[PDB]
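Working notes, structure below.
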Amino acid sequence: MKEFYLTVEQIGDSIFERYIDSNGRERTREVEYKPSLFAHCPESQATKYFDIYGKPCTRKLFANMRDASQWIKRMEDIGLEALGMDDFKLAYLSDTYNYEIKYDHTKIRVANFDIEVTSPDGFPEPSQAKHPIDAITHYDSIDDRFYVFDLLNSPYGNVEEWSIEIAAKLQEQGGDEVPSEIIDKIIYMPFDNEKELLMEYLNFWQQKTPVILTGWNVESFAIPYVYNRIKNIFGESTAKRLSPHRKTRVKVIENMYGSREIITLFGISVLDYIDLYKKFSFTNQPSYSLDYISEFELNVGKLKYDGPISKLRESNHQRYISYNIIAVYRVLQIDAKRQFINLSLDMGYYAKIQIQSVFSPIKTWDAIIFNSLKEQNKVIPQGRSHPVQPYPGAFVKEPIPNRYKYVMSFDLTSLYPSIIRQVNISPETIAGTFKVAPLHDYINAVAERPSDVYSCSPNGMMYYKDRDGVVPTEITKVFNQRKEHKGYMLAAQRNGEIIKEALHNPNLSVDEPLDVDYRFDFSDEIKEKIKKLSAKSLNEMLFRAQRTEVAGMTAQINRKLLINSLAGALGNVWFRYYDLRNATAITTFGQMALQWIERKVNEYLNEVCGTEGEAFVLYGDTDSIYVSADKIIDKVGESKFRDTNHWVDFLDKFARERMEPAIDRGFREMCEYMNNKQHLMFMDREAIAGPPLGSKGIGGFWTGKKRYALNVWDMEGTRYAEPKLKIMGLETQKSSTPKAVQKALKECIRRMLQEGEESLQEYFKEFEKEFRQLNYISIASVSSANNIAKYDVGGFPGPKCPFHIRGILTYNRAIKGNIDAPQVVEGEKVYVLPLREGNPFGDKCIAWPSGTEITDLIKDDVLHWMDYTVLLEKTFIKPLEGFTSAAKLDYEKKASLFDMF
DNA sequence: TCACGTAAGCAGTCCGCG
DNA sequence: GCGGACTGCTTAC
Ligand SMILES: Nc1nc2c(ncn2[C@H]2C[C@H](O)[C@@H](COP(=O)(O)OP(=O)(O)OP(=O)(O)O)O2)c(=O)[nH]1
Ligand SMILES: [Ca+2]
Ligand SMILES: [Ca+2]
Ligand SMILES: [Ca+2]
Ligand SMILES: [Ca+2]
Ligand SMILES: [Ca+2]
Ligand SMILES: [Ca+2]
Ligand SMILES: [Ca+2]
């Protein structure tokens, strides 16, 4: 096999590299890498190196990396550009791996670990590490084993050994229900004392040194705690054995509000699963506890125990250890579904970066572009200082708030990357500028044609047409990868709907799920067999189809994220290729494209309907248009359709055969107008929406920009077994909205769109009558909690104190004195409840850490003083009033002449 | 919330609005 | 009471 790196570090004048050799073995080497950098030279001098603008450069080879860094400094002192890759480990990887990397994940040691620390006096601070580490579970991907290190003797209690037999038993047997599939994979090691435990862990770590290190909050808790605890017991040198090169650095992580400290282990790539989840999952959660996320992702029950966690080891050590083991497994289960480790490895090896750099698209793109240019003997420019400047973004149409019965939407494929490719936008393709007219003039095609030579954006920029820029070239590669995975995702989605259909008529038989590849549309033969399957087999196939869809979604949406982040990176001052001319060229072109096609669609439809000035496009945001299809349906007549599917088919055919060709012609004209390099504005039908045939449902409504709901029957070629609510921006979609309220508002919307006013009124009446029975957590609002200290004036709210911060200050006074009570963490999320006038907390609201039950010291009083009326008005009635008034209907029955008889 | 971008909605504070 | 200036937080794209 071809070799591939695992980790790379610069330490002084050496590169330290862990890699897999040509025989599949893990090796380590120290290399005295001599980097090269570049300077401009006279034209009359013979060279093969040129900068991206075509100016000749001389290569300077340095005795060592420090000499290269000091040369960069002197060049600044002189006032001359120092060209080339200044991150020497990226240059090393580029030199050492000058081919497309084919990696074997089975040779990469991926470690997933979790620790337990008993602490009576509050949260055990990693920087202090003053309490014993009393449990470690460490899963190794190569061994496929859970290594359990269990402390039996502590100043906080002496305990008996954990029993794997009781661990395996049902909770109804007094057991812990550790999943049977991992029982045989547990390697249990009890310890007489903490020093023994930690020494053995370090020996273990040395034998099985993680390459990728993950877990849940490992970077903020587990790693710095273990490091600092070993440091406290044994000294720094022993703690540094956590690094395969015995080098660590305290790293200060700074944000807008403050700073925290992590430990950097040289020679290890830490990918904390919480951070992977936050970047790559496209969720915003009310809580990021492992229990909360595990329930959301896997539908597993909350890990139940009695009393505080600080007393769990002493009261029930058996459960204590089992739950530590289960916590490690939960992360593995989440990754088996979401596949973020696979994604990170794919992206990291593609770009030739340290794997942990996948969090940074700026770093990722710097490496991709550097490697690409190096292939042509081209030389990258020096990164420069830039002041942060605002620049314009997308266009969003102001909709007329209303119900909209029949709606068909259309959307541009991968817009910003398609603009980059169409226009040929890149640092080195800038050809000059032209005199700009108002955007309106380009939109309406009355402005003078910008150029007869170059490819243009309506921000005034011109680009070369003779050759693709490096940015278009490299963005195209990742776009094409994304396209493949999106195809797999959509096929799995369509396949899932087939199974859902068949589930309406399951067979009474014993059988097995079919062995199929869900990434490809089911054949006729598979379809025939599916129709003969039991509900058990069908449900298993559905689960598998949905897992395939999720895997496809991870792969496609995050490649979309990477390419969109290149468009954004052009507007970030730390990007080597930062250029507001280019960032704005993209966004302004987008504004034109959307409003151009709005005009074209309105013109086309006014023509076919024989009208004038009628607004068929009701809304658009960035790259999408929403078209009123009422007049199209009315042209054949609702009574002419056999069922809902019949008019959906009709609108599908109309979009495909009439509208898409009209849209295409309109965009080809725009391409010619801007003289672009390549026509890539591909706008396809997205959603077909409307009420069920024969119903009183309203189909859809808009309340304003970025706030709408549609009853969708078909989305991007997926014909749903049951209609799907597409709700954007409304309170149902916000993590700040109480869980039970999201649910109730969603049902109000469902009834509005599918059933009509009377159904809505019936439901509202019931919710208002019963909502006081709902669990307090389900009706609590949620908010991030920043700058608590800023608004804290002697325990009370200062001027302009936000409502949720007021709640936290209330909480802090009510728990004051208690070291044991859960503390609200700065920057984390809280639940928030309003309190009735005259309550013992002395304020109008209270907040506590999200994902948790409020402490038993104040729970009874919170429940008693909860202001249900205010809660209902703010979270439910106010938003529903917004929905219904927009839709022109009433959530409460109006008085009529029929009342009373 | 260390880690690409802008547009834009709503909650809530403060205070005006005769 | 609403709304404007503002902070804060959260979505859509
Ligand atoms: N910089 C940046 N721009 C974004 C992001 N999300 C959306 N945009 C901009 C660029 C997109 O091309 C454009 C339209 O977004 P869409 O959600 O419709 O996705 P896009 O067209 O890229 O992909 P698609 O092929 O429709 O699935 O909006 C983002 O996360 N970062
Ligand atoms: Ca724990
Ligand atoms: Ca799009
Ligand atoms: Ca599409
Ligand atoms: Ca059947
Ligand atoms: Ca879109
Ligand atoms: Ca098309
Ligand atoms: Ca203070």
Side-chain angles (χ1 to χ4, degrees), chain A residues 219-220 251-262 264 272 274-276 278-280 282-284 286 288 356-366 388-398 411-412 414-416 560-575 577-578 580 582-584 586-588 590-591 594 619-624 703-708 726-737 781-787 790-791 797-807 825-830 832 844-845 874-875 878-879 882:
Chain A
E219 198 176 72
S220 60
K251 185 179 189 171
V252 51
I253 305 297
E254 295 183 307
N255 58 57
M256 201 157 69
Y257 324 97
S259 71
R260 60 186 182 92
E261 285 174 3
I262 64 156
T264 297
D272 195 333
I274 194 170
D275 296 324
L276 290 174
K278 282 174 183 189
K279 193 182 180 61
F280 297 131
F282 290 84
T283 64
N284 196 7
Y288 289 89
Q356 69 270 30
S357 286
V358 298
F359 289 113
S360 167
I362 284 162
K363 180 59 74 167
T364 303
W365 281 114
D366 201 39
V388 178
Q389 290 191 291
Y391 68 97
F395 174 79
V396 186
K397 183 182 174 62
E398 190 74 69
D411 166 76
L412 285 147
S414 188
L415 181 65
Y416 282 12
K560 168 187 169 190
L561 173 64
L562 188 62
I563 59 180
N564 288 352
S565 302
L566 183 51
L570 296 162
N572 178 287
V573 300
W574 299 101
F575 192 39
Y577 309 100
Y578 171 81
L580 244 34
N582 286 346
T584 304
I586 298 156
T587 60
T588 308
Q591 287 204 6
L594 180 58
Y619 183 69
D621 182 344
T622 310
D623 75 330
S624 72
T703 80
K705 291 184 185 177
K706 294 177 194 284
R707 286 182 64 88
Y708 61 95
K726 184 189 177 68
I727 304 168
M728 305 310 299
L730 308 184
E731 281 77 0
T732 53
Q733 311 312 112
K734 301 172 89 171
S735 63
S736 45
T737 299
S781 295
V782 181
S783 183
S784 286
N786 301 299
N787 293 308
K790 177 187 187 176
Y791 294 103
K800 284 158 273 190
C801 183
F803 189 85
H804 64 289
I805 305 302
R806 181 180 289 275
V825 186
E826 166 72 19
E828 296 256 66
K829 291 185 187 190
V830 289
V832 184
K844 59 173 179 179
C845 62
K874 274 155 50 160
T875 69
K878 202 168 163 65

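Protein chains get the first letters and strands the later ones, always in sequence-line order, with residue 1 at the start of each.
- When rounded to the nearest whole Å, the span between CD of A:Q591 and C1' of B:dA7 equals 10 Å.
- Taking only side-chain nitrogens and oxygens, A:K278 never comes nearer than 4.0 Å to OP1 or OP2 of B:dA3.
- Regarding A:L594, its CG atom lies at a distance of 13 Å from the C1' atom of B:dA7, rounded to whole Å.
- Between C:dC9, B:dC10, B:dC2, one nucleotide has an atom nearer to the side chain of A:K734 than all others, and that is B:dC10.
- Atom CD1 of A:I805 is separated from atom P of B:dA11 by 18 Å (rounded to the nearest Å).
- Relative to the side chain of A:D275, the nucleotides B:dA3, C:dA12, C:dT11 differ in distance, and B:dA3 lies closest.
- Under the side chain to side chain donor-acceptor pair (under 3.5 Å) criterion, A:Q356 pairs with A:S269, sequence neighbours left out.
- Contact annotation: A:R707 side-chain N/O to C:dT11 OP1/OP2 distance is not under 4.0 Å.
- For the pair A:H804 (side chain) and A:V782 (backbone), a donor-acceptor distance under 3.5 Å is absent.
- The existence of a salt bridge linking A:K397 and A:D621 is excluded, since no basic side-chain nitrogen approaches an acidic carboxylate oxygen closer than 4.0 Å.
- Pairing each heavy atom of A:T584 with each of A:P392, the nearest pair is CG2-CG, 4.0 Å.
- Remark: the A:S784 side chain and the C:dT10 base include no donor-acceptor N/O pair separated by less than 3.5 Å.
- Residues A:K251 and A:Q389 both approach DNA chain B. Their nearest nucleotides, taken by heavy-atom distance, put A:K251 toward the 5′ side.
- Note on A:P392: only backbone sugar-phosphate atoms sit closer than 4.0 angstrom, heavy atoms only; bases stay farther off.
- If you check every strand for non-hydrogen atoms under 4.0 Å, A:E826 touches nothing.
- Atom CE of A:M728 is separated from atom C1' of B:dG9 by 13 Å (rounded to the nearest Å).
- Distances shorter than 4.0 Å separate none of the side-chain N or O atoms of A:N564 from OP1 or OP2 on B:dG5.
- With A:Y791 as the aromatic partner, A:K800 does not meet the cation-pi criteria of under 6.0 angstrom to the ring centre and within 45 degrees of the ring axis.
- Scanning for salt bridge (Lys or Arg N to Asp or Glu O under 4.0 Å) contacts around A:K705 gives an empty result, with sequence neighbours left out.
- Across B:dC2, B:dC10, B:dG5, the shortest atom-to-atom separation from the side chain of A:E731 is found for B:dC10.
- A negative value of the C1'-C2'-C3'-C4' torsion places the sugar of B:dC14 in the southern pucker family.
- For the pair A:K560 and A:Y416, the cation-pi criterion (under 6.0 Å, within 45° of the ring axis) is not fulfilled.
- As judged by a 4.0 angstrom heavy-atom cut-off over every strand, A:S735 is placed among residues touching the sugar-phosphate backbone only.
- Residue-to-nucleotide proximity on DNA chain B shows that, of A:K878 and A:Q356, the 5′-proximal contact is made by A:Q356.
- Each of C:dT10, B:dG12, C:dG8 was ranked by its minimum atom distance to the side chain of A:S736; first place goes to C:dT10.
- Residue contacts shown for A:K844 are limited to sugar-phosphate atoms, with no base heavy atom under 4.0 Å away.
- For A:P361, counting side-chain heavy atoms from C-beta on, the closest listed nucleotide (B:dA7, B:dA3, B:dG12) is B:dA3.
- Scored by the side chain to side chain donor-acceptor pair (under 3.5 Å) test, A:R260 finds no partners at all (sequence neighbours excluded).
- Considering only side-chain atoms of A:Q733, the nucleotide from B:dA3, B:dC2, C:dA12 that sits closest is C:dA12.
- For A:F575 and B:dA3, the CZ to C1' distance is 14 Å, given to the nearest whole Å.
- Across all strands shown, A:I262 has heavy atoms under 4.0 Å from base atoms, whether or not it also approaches the sugar-phosphate.
- Scored by the side chain to side chain donor-acceptor pair (under 3.5 Å) test, A:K734 finds no partners at all (sequence neighbours excluded).
- The side chain of A:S360 lies closest to B:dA3, out of B:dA3, B:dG9, B:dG5.
- Heavy atoms of A:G729 sit under 4.0 angstrom from primed sugar atoms or phosphate atoms, though from no base atom.
- Distance A:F803 CZ to B:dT13 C1': 12 Å, rounded to the nearest Å.
- Counting non-hydrogen atoms under 4.0 angstrom, A:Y391 reaches the backbone sugars and phosphates but no base.
- Per the stacking criterion (ring centres < 5.5 Å, plane angle < 30°), A:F359 stacks onto the base of B:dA3.
- Look at A:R260 and you'll find a side-chain N or O under 4.0 angstrom from OP1 or OP2 of B:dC2.
- End-to-end axis angle for the helix from B:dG5-C:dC13 to B:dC17-C:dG1, using five pairs per end and rounding to 10°, comes out at 30°.
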Letter by letter from the 5' end, nucleotides 2-7 of chain C scores (B base, S sugar-phosphate only, - none; protein heavy atoms under 4.0 Å) -----S

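- At the phosphate of C:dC9, OP1 or OP2 sits under 4.0 Å from a side-chain N or O atom of A:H804.
- In terms of the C1'-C2'-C3'-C4' torsion, B:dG12 has a south-puckered sugar. The angle is below zero.
- In the set B:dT1, C:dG8, C:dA12, the nucleotide with an atom closest to the side chain of A:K706 is C:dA12.
- Between B:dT1, B:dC2, B:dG12, one nucleotide has an atom nearer to the side chain of A:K874 than all others, and that is B:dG12.
- Going from atom CZ of A:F359 over to atom NZ of A:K278 covers 11.0 Å, rounded to the nearest 0.5 Å.
- Contact annotation: A:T622 does not reach the phosphate of B:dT6 (side-chain N/O to OP1 or OP2, under 4.0 Å).
- The CE atom of A:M728 sits 12.0 Å away from the CZ atom of A:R707 when rounded to the nearest 0.5 Å.
- At the heavy-atom level, A:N284 lies under 4.0 Å from the strands shown only through sugar-phosphate atoms.
- Side-chain atoms of A:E219 come within donor-acceptor range of the base of B:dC2, with a qualifying N/O pair under 3.5 Å.
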